[PDB]
Every structure is written in structure tokens, then in C-alpha cells.
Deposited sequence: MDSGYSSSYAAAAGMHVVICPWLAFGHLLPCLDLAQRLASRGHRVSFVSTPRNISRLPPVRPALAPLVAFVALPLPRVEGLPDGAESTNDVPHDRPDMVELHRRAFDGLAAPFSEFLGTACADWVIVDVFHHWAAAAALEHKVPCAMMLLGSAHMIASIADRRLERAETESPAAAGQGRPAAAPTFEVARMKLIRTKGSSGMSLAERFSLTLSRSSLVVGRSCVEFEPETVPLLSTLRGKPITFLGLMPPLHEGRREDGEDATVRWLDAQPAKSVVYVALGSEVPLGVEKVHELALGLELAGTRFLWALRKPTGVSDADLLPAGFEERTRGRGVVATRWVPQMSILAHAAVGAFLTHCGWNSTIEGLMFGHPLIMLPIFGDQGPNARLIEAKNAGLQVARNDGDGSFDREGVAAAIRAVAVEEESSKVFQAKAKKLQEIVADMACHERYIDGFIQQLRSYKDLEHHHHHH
């Protein structure tokens, strides 16, 4: 089959979509990976064996006054500037006509579109190409939802599609997957957990963060990362920093800067001087898969993005959970219910946290001998499911067969 994939302009979408593209190409299907040029230039390379079977289709973002050139993704357009978020949505919607022009002559068997691709789903109707909408999260998240604004963009994409695709399986969510049939009348299918393949990202194993981990004791380091886009304002950064310090563990923190904040204002006064001997802060993109694979990493302080949840558990790390938005709350509650992580205490109403809550969660998951042992054992039970690579390849096979059967 020729499958056209259209990920949302966000690295939590682009990365699993490029993994899915290569998995499809590995079974001898061909993929057109449709995105914008700077987003494509920042992606891991396709294996030489798959080069002619994964075609990158670069559609330039139209120019919009107030949106900087090269600001193509949620990693480049910060949530803490809602005016720029809106300009980026306008630019994204401007891809409609070029996408429809591409699709008409593409000889596509399927289009797989992301949650806000209402125009791509409209093009698939116009060109009589079956269209699957990606909702690459948990069955629990899809069940939550089942129970131009984002909700309206989502609703329109869904209505125009034929199929909804989740990223889970009955082994991981036995309570939910059998209960799901349709989402607003559309059949739901699960393509498995699709944990990333060994070195699919071709990260730098000589990265300064990994060389620091090489020097630390086994399972001694709390890795701290909040994915590629969620906002954390400078006051919240300071509470997270002081909580990490207070709990006393070794730490490696991949931190994105709030907009406007100088390196000098980013962290509490003296925090890096005091913690230099046990912790490292990196304000750049880090090789998260190399870090989570590392023997030095014990617990993962995560925002519970679905990629980070899967990546943490595929190496049996218990989670210290700080959900910020979207599916993160549902993801954190799902893992807490499996006893493999603990959420940081939040104020009910505004969802605030403080250094004491951060420190208390770190001590419970990573330090206290009895609780930490149970969290580790429960995370290892989940790793048996998440890291069953053969199980997840069978689900990819099953997904391809379901795409084939709709055509026939």
C-alpha cells in the first residue's frame, strides 16, 4: 500500500510517526511523510534500506506576520505566548491547498492524519482516499474523550475520518480496550504500544549528558524531563529546582527555558553551584532514549507525555509524575493505578505544586527503602509488557491488515 502520514507540527507527534513510517516500509509498504521543511531537517535519518520507501514531502509553512521564519513546531512556538500559538495555527491551516494538490496525484491507499488535520481529512474525502485519524495515546485517554477551537478542529477531523488509531493494547490496558468499539461512530483500532526500536533515533552516545551518567552509580540518577513543548513558567521552574535539591538525589534535568527568561534568572540563585557535585541541568535537546537506556538512571521525573511514559517503562523506570496538560493527567492516573509511579501533590483548582511536594514524591519513589523497592518491582512488571518487542510488531502487522481489509 501507499500510506500518506501527516503528523502534527510537534516532536511528540513527528517522532512516533517517523517510527511508524519505517515500520510500514519494513513490511514493504511505501510512505509519504508530509510535514514542513525545518521539522523534517530535525528528524532522525531513515535507515538506508528504507530510503526509497519513505518519501519526505516538504510543504513550506505560509508566512504570517508575527510568526518568525523557522518557527514550525510546538518546540519553537511557546505555549506561554498564546498570540504566537494562534499565528502558528493559521500558518498550519494554510497547508490545506498544497496538501490537497499533493494528495490528488499521490495514488494513496490511505491517509493517516493527526488530531487537528481537519483540512487533510477534507482532502481525503475530495480524492476518495480512506482516512485514519491518529489519537496515539492510551485507551484510558480515548475512553475519557468519548465520555477555530482545538475541540472543534478535533471534532471535524474525526467526523471526516473512517478510523481512529490508538497507541496501546489489551495487555497494557485490560480494563479499557475490550470496552471500546467506536469514538463518535468511528471504529477504534490499537496499533500496540509501538515502543521506539533500539537506535532508530541515531542519538549521540558521546553526548556530555551520557558521559556524565557513565560516572554515576547504578540506578542513582533521577532523570527529569517534561517533553518537547509543555510550558513551565520561571516560578514553577524554581519550585521544581528547589524540590530536586531538597530530595538530595543525583539528577540529570533536560529543561526548556520559559520565553524571555535569561540563563541568569532561569534557576534559583546558587542552585547550580550547590548541586554541581550531584546534578546536571541541560537547557538543550538531550538524547532521551540513550539516557533512559543508561544503567545510572533509576526514577524518571516525567510530565507523562505518552512517548515519555512508554520510553520510561520500556526500561523499567518508576515514574515521579508532574502532568501539565492534555493527555498527561489521564496518563499519570493510569500509571499510578498500576503502582509504578506517584504524582507530585497538586493544589485542587489551579493545579499548583511546590518544592516540598516535589521533594516528597522523589523521596517516596527513589529514596525510602521500602516504597522505592515496591515502585521498582511494579515498574519491572510493566516493562515486561511495554518492552515485549515481538508483541508490538504483531500489533503493527494487525494494524496494516486492518488498513488492507477496508480496501478489500
**Report entry** Missing CA stretches, deposited numbering from 1, N-terminus first
**Finding:** 1 to 14, 162 to 201, 463 to 470
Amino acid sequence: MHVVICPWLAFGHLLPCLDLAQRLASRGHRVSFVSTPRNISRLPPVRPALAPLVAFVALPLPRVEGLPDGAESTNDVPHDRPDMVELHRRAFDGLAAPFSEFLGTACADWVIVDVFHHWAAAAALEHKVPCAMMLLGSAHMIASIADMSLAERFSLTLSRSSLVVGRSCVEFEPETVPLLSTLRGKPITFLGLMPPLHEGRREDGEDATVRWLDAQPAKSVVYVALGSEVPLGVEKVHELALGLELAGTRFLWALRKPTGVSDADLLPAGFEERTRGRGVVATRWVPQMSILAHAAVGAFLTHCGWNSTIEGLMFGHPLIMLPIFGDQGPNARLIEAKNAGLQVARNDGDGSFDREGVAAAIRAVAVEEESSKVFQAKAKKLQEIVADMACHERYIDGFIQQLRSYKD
From here on, numbers count along this sequence of modelled residues.
Report task. Report, as yes or no, whether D147 is left without coordinates in at least one third of the other compared entries. Result -> yes
Requested in this report: Check the entry's C-alpha temperature factors for 82 to 90 and 201 to 209, then say which stretch has the higher mean.
Outcome: 201 to 209
Query raised in the report: With respect to the recorded C-alpha B factors, which stretch has the higher mean value, 276 to 284 or 313 to 321?
Result: 276 to 284
Query raised in the report: Considering only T105, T302, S159, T74, which residue's Cα atom bears the greatest B-factor as recorded?
Result: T105
Report task. Between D114, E152, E229, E336, let me know which has the highest C-alpha B-factor in the entry? Result -> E152
Report task. Place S290 in the lowest, middle or highest third of its chain's C-alpha B-factors, as listed in the PDB entry. Result -> middle
Requested in this report: Ordered by C-alpha B-factor within the chain, which third holds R394? Give me lowest, middle or highest, please.
Outcome: highest
**Report entry** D265 CA temperature factor, ranked by third within the chain
**Finding:** highest
**Report entry** Chain-wide C-alpha B factor ranking for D214, given as lowest, middle or highest third
**Finding:** highest
**Report entry** Ranked against its chain, the third holding the CA B-factor of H140
**Finding:** lowest
